[PDB]
């Protein structure tokens, strides 16, 4: 039987294309890749162009034929038109800065208010204060993004990154803090900036010297799919051209290594850190900027033996530097180094918590050390004495979710942004005291037409295949019955010590309301939810544990009558695309709809493209014979089930035509192979393409809504759901 939506657009095959891999078990294994031509970028291949255009047109026709697509876009537009803001961030110009969106602006704007006048911002009258920077003015389409910013210590200068209009490359710009954007400036330019333009940057790590004369940054050779190579550290002096910038570090022997510098808050010490993979291990060196001219002739001293640990600067006290480090402490700890006694090594200030991952450490009110711990898949705030490390107790103990803390060592107050599945964003002020402090509600995000009291988030524990107890969040309307009829949207990642925290998404709650559905977040292995050991149990030869955890979550939801066996939708992005494609291959019968965002799918070829080589610490090295065998077992691109005795779920793949973070070739080849293997469906396999590269880290509000309307209408069609 031939479905009315077919046939699929044709995709050229290369029947001769193969690579031979060393294998511990088999000696050698020859892997055919009939779609290897789709590894050539869109801009360089007419074949890749023809594939993208035909697949894009085919997907759009199917998605747009569904009237629920426009119904979802209208519902999303109306509900997403709510005011959003960050916590107040104190800066060296004596102003608080905050992110603001009226509702449907493409990008967040940056506003400011004099410290002491903050009670006049974020009222019914509007954001108040003064507009500082409006990213919406940068591009005609609103796809140009602020990638970061750092104010000069003097408070006169503001260094900031803007993503270039084709790519995930950026330029660093500088403007005076006396040159804000004006509300009536025209789109397509950046008015009021200084002449400085730092090109060839792929990540924003900028550190000003204490004299405010310049900043350190990391850059690459000029850009005229290939692995990212030859990261260099430079120093830029304000008012000079980039051509005058002084080279601080290059390592031509190790072109895949990523390098950056961080300065202590005093600006006295510079920490050089190199990374050779995605693991939390560095090659680290410290220099005293008072001993050295900026250049390649600086007196670098070894902080510790290379590749054993990561070191993040938390503060300084003369020659004493405070570090958050995992040195002999996989869950991280706080330790001090005396730059005057390097050979004495690191002294523990806050011991590793064996049962809690330390996320951050920051100094406040001169000598209060604030620790954010991850315990039971949510944030805890602990206060410690900076001098002794002695515990001073807990704050916000009653709030279960995630926190963003803003405030400096010199401020007695912090602003804390609290959020969860059910809390869109409450900014609390906390004022430090002698024995206890005082907490005040500053401002709360409210969403018109959403009643947060209509929803709940349950915490359950389920056994995985191997008997391991896994935590899962289940968000649902309180009035949805547990009678085994509800649809599920189940989101997972599983990797890189990244926790799936309670996180606010209006879209997800609208999915729950409109489809009487549950939103399930199983805290599967690979994440840091139960400490670094939770990551170690879900990587390399144990990556299969991640898929088993996710499958067992679905089986538990069905068995305990949370969900209909026929209405499971799964969702994942990047490393989460390994999860969605692997689970679809290994248990196609569990799932009715699979959403993959910028998926990693070819687990043999991933090292050959942009930043993929760094993922070898997580997945293994496919060119190592031992690693090949365990990677090849699950590599979703190489394990599409034979068509004869499998019905594939409906599958929708989101990707840009250009993406540095995950090369779109992963999606291109897997979509080609799925369509070839299952040419008659019965369930469609579609690729939803953005041609504007709408950056992950810089996506306009309107693009996000269109993508969500495509995703939800496709899930609705695929699982036979009616919008309520």
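Numbering follows the first chain given and starts at 1.
Gap between residue 224 and residue 225: 4 to 9 deposited residues without coordinates.
Looking at 290 to 298 and 379 to 387 together, the entry lists the larger mean B-factor for 290 to 298, computed on C-alpha atoms. With 165 to 173 and 146 to 154 compared on mean CA B-factor from the PDB entry, the stretch scoring higher is 165 to 173.
By the numbers in the PDB entry, the CA B factor is greatest at 259 among 475, 420, 207, 259. Note on 523, 508, 402, 244: the highest value goes to 244, judged by CA B factor as recorded.
When the modelled residues of the chain are ordered by C-alpha B-factor, residue 573 sits in the lowest third.
Residue 682: CA B factor in the lowest third of modelled residues in this chain (values from the PDB entry). Ranked against the other modelled residues of its chain, the C-alpha B-factor of residue 593 as given in the entry falls in the lowest third. For residue 25, the recorded CA B-factor ranks within the highest third of the chain. Only modelled residues enter the ranking. Ranked against the other modelled residues of its chain, the C-alpha B-factor of residue 703 as given in the entry falls in the highest third.
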